[PDB]
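These notes are about the structure you will find just below.
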RNA sequence: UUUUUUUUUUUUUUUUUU
DNA sequence: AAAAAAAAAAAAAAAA
Ligand SMILES: NC(=O)c1ccc[n+](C2OC(COP(=O)([O-])OP(=O)(O)OC[C@H]3O[C@H](n4cnc5c(N)ncnc54)[C@H](O)[C@@H]3O)C(O)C2O)c1
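Residue numbers (PDB author numbering), protein chains in the order written: chain A, 1 to 418; chain B, 1 to 164, 199 to 507.
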């Protein structure tokens, strides 16, 4: 028997209204046939359409729009519908649905120009109410309303082409693993030897004053130049600690606590990163809290490392890729790196106006996606490498910390495709 | 390599028991949970500004097409989506003359001008509420852009255009929604630019706020807010277990009184006898002296958690079986000792801290697209990294512009299994009734709590504030 | 303040050491 | 008056 409703429309233009109407009608319990419904196509659909129209269709709904008005496939379907209407001796067979306001009733197709149409131009819900009322009045075959059918069809066809799929993907982070630390953290008994009103930030290697003990991983007499008094210090006065135990967390005492011994390592590591940047002779832009380092215009060959550009031009503003490094010992021994973009007017001197800097940064980062961030970050890191696999930060004349130039790679079991 | 485990995208329930990950797609096809017969809207603003609102409302009566329907679903019209009737006919319009707004706005003092401008609208809204027979569900407050661009802090009025209070906040929106709290009037503030922007053009002649490609989403996020404020349920969560109250604490600075005094505000979510969800604020704001404490001393901590537990017993009958106190700040032991005392034996109290500060960023090896949303780098049993912002395939784009930052979730106190903690925050990121988006970047407890705090710290004369979000968002 | 997101600005506090 | 490890208030841009 004829219990299917055929919806003709323009395939590449009227998908939204046709989708909404079909998904509503199916949920309401009306059998619906439409070309956007079935997923996949073959050569058979040309005969399938004709046989469905001539043998199964009970009502033929024509989406009337400026696109579907003079579309060849739509016109062919409409002609077959007219022939079926003649054969079935049912005048209320074709029910045009006008959804375009620019398509006046005086310019609709000749097959439709005589047919009363349901007005979807103003409100779609009013048109749907009219469709339902006309269907109950004309006693169209119907089933009990069930929105779950529409949900199933929507999930099967439309949320279907873009779904969670399983396939492993490797990820690149901005965390740089630390290969090694010195064996012991040294607490030098400088006392009166180191002046009380002296700054440790100018001293060569990283060293922070704790109580009366200078906290550093360096050797005792590494600090003779800035501290001439330290020539006659006794090395037995040091309270060197097994740093590996501190990282594990085993060591803790009245003299020093694991919380206050691990916060003194990150300061040393941060100052060591700053000193390495100073040694690398890369400039700095001072931010709210952190100090970020960017590379000049010309220090690199053609202002690019490897095949990847790090300094470029945006009108008169030369944008410079910048990084900032901070060490965190909580999860893993890690030197985290952040991405920053700064601008210069002449390629050497920074613009002091924060507003224009922020506006330029936003404008330039407008079009920088994942690959334009990862590539430049890893390029800067590789430029900072001391070897092919790692770079070291200097904490003494003999003590060094090896930080990998390869960011910590993670692993995901889920991904997708463009 | 280090494993990252993906959490299934949560589903939000719609009418007829239907589930869908997307709010816009599910709502456009199945309709909202409850039947609102119609939105009798009240309009206040300039007579010139009423035309723009009428035009926009007539516009959203009709379907609105966005640039790429795959990226963002089209809007099929308010009545098609909501089964709720909303014309421009039947709006009660209260006229605000341009002379009135010019009288107060052109003043040297910013706080005084803001107070006068708020008073001008609130007096007419109150008079219409009290002495007019016409009933209005929600009051859409149209504000011009001159008032907007010179009625917030740090706005320096040019000398040539100056023509001529200090206890309140100089922000128009915060003070506006704070002073109406006693009257319980649901309101929605609109700028003339947020409305039909095409008239407003820059120096080049183009619109300043070009919403040409994002028109459908603009209609989606305006209509949903209007439906929510009128008493409608757009959607609900489906995967939340029984007996689980959540609560979210956020501390805001209060500058009107000497010392910031650090007011604390909370938002509460749970389930009902049946299947209905309750997302109501739980705010009694408990002020905390000292400049930067952000830690609530035991008396007011007890007050907060006792109010939270009683508001659950009063509606379900028995105490929550696992409270997940989310917060944006770390807990020191002082709150938790007090919290344990008021809690009974059966309740398993959990304090979870959520933070964006941690600088971890995943960059995928190849491709101009960011990490899939739902990946969780579990550091250990008590802490984890969760990417609530990122790529989800259905919306065709990432939720962010650059590589997104994950959420640092740490189970600071209680015990809690980390998987369930990561599986509820992701679910919470979907109930943002202020916006019709796929998902939020932060859980809505910490977001609606932040909003309700930002509104309740603008006026000092508030007492027993309303707990419904109609009056806050 | 239709939203949401990402930065840049300051400021502040605590635990600690002199 | 420093340090790190945690804190919120505020403004500007750009997409969703
Ligand atoms: N309800 C209808 O389908 C319809 C259509 C045309 C005329 N009319 C009638 O018009 C009367 C007198 O008023 P009028 O002269 O202004 O009519 P009219 O032809 O000038 O226009 C009346 C309205 O119906 C028209 N109409 C509705 N559906 C149409 C369609 N599918 N194709 C073409 N036009 C359509 C227009 O919408 C128009 O706004 C009648 O007494 C009457 O029955 C009705």
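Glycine is no exception: its CB is placed at the ideal position from the N, C-alpha and C atoms.
Is it right to say residue 40/A is buried, meaning 16 or more other beta carbons lie within 10 angstroms of its own, or is it exposed? Sequence index remark: in the first chain, residue 40/A carries index 40 (1-based). Exposed is the call here.
Taking residue 485/B as the reference, give the member of 501/B, 494/B and 497/B with the closest Cα. As a first step, residue 485/B is located in the second chain; it is residue number 451 there, counting from the start. Closest in alpha carbon position to residue 485/B, among 501/B, 494/B and 497/B, is 501/B.
Drop a sphere of 10 angstroms on the beta-carbon of residue 113/A, count the other beta-carbons inside from all chains shown, and report buried for 16 or more, exposed for fewer. As a position in the first chain, residue 113/A is number 113, starting the count at 1. If you draw a 10 Å sphere on the C-beta of residue 113/A, you find fewer than 16 other C-beta atoms in it, and that means exposed.
Residue-level contact to chain A via CB, residue 155/B, 8 Å cutoff: Counted from its first residue, the second chain places residue 155/B at position 155. No, residue 155/B does not count as interfacial toward chain A.
Residues of chain B with a CB under 7 Å from the CB of residue 181/A: which are they? Translated into the one-based positions of the first chain, residue 181/A becomes position 181. In chain order: nothing, as chain B lies at least about 21 Å away.
Which residues in the same chain as residue 520/B place their Cβ atom closer than 7 Å to its Cβ, once the five residues preceding and following it in sequence are excluded? Coverage of chain B is limited to positions 1 through 507, which leaves residue 520/B absent and any answer about it impossible.
Meets three-Cβ-pair contact criterion under 8 Å: the stretch 303 to 313 of chain A and the stretch 332 to 339 of chain A: Result no; under three Cβ-Cβ pairs closer than 8 Å.
Please name the residue or residues paired with residue 45/B in a DSSP beta bridge. By one-based count along the second chain, residue 45/B stands at place 45. The partner list for residue 45/B (beta bridge, DSSP) reads 95/B.
Which whole-angstrom value describes the C-beta separation of residue 345/A and residue 337/A, a residue pair presumed to lie in contact below a C-beta threshold of 8 Å? As a position in the first chain, residue 345/A is number 345, starting the count at 1. As a position in the first chain, residue 337/A is number 337, starting the count at 1. With 8 Å as the limit, residue 345/A and residue 337/A do not qualify as a contact, their Cβ atoms being about 27 Å apart.
Between residue 117/A and ligand 1, is there a pair consisting of the residue's CB and a ligand heavy atom that are separated by less than 7 Å? By one-based count along the first chain, residue 117/A stands at place 117. Indeed, a heavy atom of ligand 1 lies less than 7 Å from the Cβ.
Is residue 105/A near ligand 1, judged by its Cβ being under 7 Å from some heavy atom? Position 105 of the first chain, counted from the first residue, corresponds to residue 105/A. Yes, since a heavy atom of ligand 1 falls inside the 7 Å radius drawn around the Cβ of residue 105/A.
Nearest to residue 157/A by alpha carbon, out of 358/A, 19/A and 315/A? Taking the first chain and counting its residues from 1, one reaches residue 157/A at position 157. Here the closest residue by C-alpha is 19/A.
Could you name the residues that DSSP lists as bridge partners for residue 335/A? Here residue 335/A is taken as the residue at index 335 of the first chain, counted from 1. Bridge partners of residue 335/A: 176/A and 327/A.
Any C-beta of chain A under 8 Å from that of residue 409/B: Start at 1 with the first residue of the second chain, and residue 409/B comes out as number 375. It does; some Cβ of chain A falls within 8 Å.
Buried or exposed for residue 405/A, please, with buried defined as at least 16 other CB atoms from any protein chain shown within 10 angstroms of its CB. To locate residue 405/A, count along the first chain from 1; it is residue 405. It counts as buried.
Excluding the 5 residues preceding and the 5 following residue 231/A in the sequence, name in chain order all residues of the same chain whose CB lies nearer than 7 Å to its CB. Residue 231/A sits at position 231 when you count from the first residue of the first chain. 224, listed in sequence order.
For the stretch 69 to 98 of chain B, enumerate the residues whose C-beta is nearer than 7 Å to any C-beta of chain A, in chain order. 69, 74, 76, 77, 79 and 80
Going along chain A, which residues have a C-beta under 8 Å from residue 404/B? On the second chain, residue 404/B is found 370 positions in, with the first residue counted as 1. Residues of chain A passing the Cβ test: 369 and 370.
Relative to the C-alpha of residue 81/B, which residue among 23/B, 141/B, 107/B and 67/B is closest? Here the question's residue 81/B lines up with position 81 in the second chain. If we check each option's Cα against that of residue 81/B, 23/B comes out closest.
Is the Cβ of residue 25/B closer than 8 Å to any Cβ of chain A? In the second chain, residue 25/B corresponds to position 25, counting from 1. Answer yes: the Cβ-Cβ gap between residue 25/B and chain A drops below 8 Å somewhere.
Examine the Cβ distances between the stretch 147 to 162 of chain B and the stretch 469 to 481 of chain B and report whether three or more of them are shorter than 8 Å. no
Which residues mark the beginning and the end of the alpha helix (DSSP H) in which residue 27/A is found? As a position in the first chain, residue 27/A is number 27, starting the count at 1. Per DSSP, residue 27/A belongs to the alpha helix (DSSP H) from 15 to 28.
Are any of the Cβ atoms in chain B nearer than 8 Å to that of residue 416/A? Sequence index remark: in the first chain, residue 416/A carries index 416 (1-based). Taking Cβ atoms only, chain B reaches closer than 8 Å to residue 416/A, which makes this a yes.
Helix, strand or coil: how does DSSP classify residue 303/B here? Position 269 of the second chain, counted from the start, is the residue given in the question as residue 303/B. Reduced to three states, the DSSP call for residue 303/B is strand.
Residue from 91/A, 119/A, 84/A and 94/A with nearest C-alpha to residue 101/A: As a first step, residue 101/A is located in the first chain; it is residue number 101 there, counting from the start. The shortest CA-to-CA distance from residue 101/A to any of 91/A, 119/A, 84/A and 94/A is the one to 119/A.
Using DSSP with H/G/I as helix, E/B as strand and the rest coil, what is residue 82/B? As a working note, residue 82/B is residue 82 in the second chain. Here residue 82/B sits in helix by DSSP.
Which same chain residues end up closer than 6 Å to residue 42/B when comparing Cβ atoms and leaving out the 5 residues on each side of it in sequence? Position 42 of the second chain, counted from the first residue, corresponds to residue 42/B. Hits under 6 Å: 92, 136 and 139.
Rounded to whole angstroms, how far is the Cβ of residue 243/A from the Cβ of residue 183/A, which I believe are closer than 8 Å? Taking the first residue of the first chain as position 1, residue 243/A is located at position 243. Taking the first residue of the first chain as position 1, residue 183/A is located at position 183. The pair is a contact, with the Cβ atoms about 7 Å apart (cut-off 8 Å).
Between the stretch 165 to 177 of chain A and chain B, which residues of the former have a C-beta closer than 8 Å to a C-beta of the latter? Cβ contacts with chain B: 169, 170, 171, 172, 173, 174 and 175.
With a CB to CB cut of under 7 Å and the five nearest residues on each side skipped, what residues in its chain are close to residue 267/A? As a position in the first chain, residue 267/A is number 267, starting the count at 1. Excluding sequence neighbours, residue 267/A sits near 208.
What does the alpha-carbon distance come out to for the pair residue 278/B and residue 342/B? Within the second chain, numbered from 1, the residue matching residue 278/B stands at position 244. Within the second chain, numbered from 1, the residue matching residue 342/B stands at position 308. Cα-Cα distance, rounded: 12 Å.
Strictly under 8 Å for the Cβ-Cβ distance: is residue 37/B near chain A by that measure? Position 37 of the second chain, counting from 1, holds the residue named residue 37/B. No, its Cβ sits nowhere closer than 8 Å to a Cβ of chain A.
What are the boundary residues of the alpha helix (DSSP H) that residue 121/B is part of? Here residue 121/B refers to the residue found at position 121 of the second chain. It spans 110 to 131 - the alpha helix (DSSP H) in which residue 121/B sits, taken as one unbroken run.
Range of the contiguous alpha helix (DSSP H) that encloses residue 207/B: Taking the second chain and counting its residues from 1, the one referred to as residue 207/B is at position 173. Where residue 207/B is concerned, the enclosing alpha helix (DSSP H) stretches over 206 to 213.
Distance check for residue 311/B and residue 372/B, CA to CA, integer angstroms please. Translated into positions along the second chain, residue 372/B becomes position 338. Translated into positions along the second chain, residue 311/B becomes position 277. If I take the Cα positions, the gap works out to 28 Å.
To the nearest angstrom, report how far apart residue 54/B and residue 233/B are at their CA atoms. On the second chain, position 54 is the one that residue 54/B refers to. On the second chain, position 199 is the one that residue 233/B refers to. When rounded, the distance between both Cα atoms is 15 Å.
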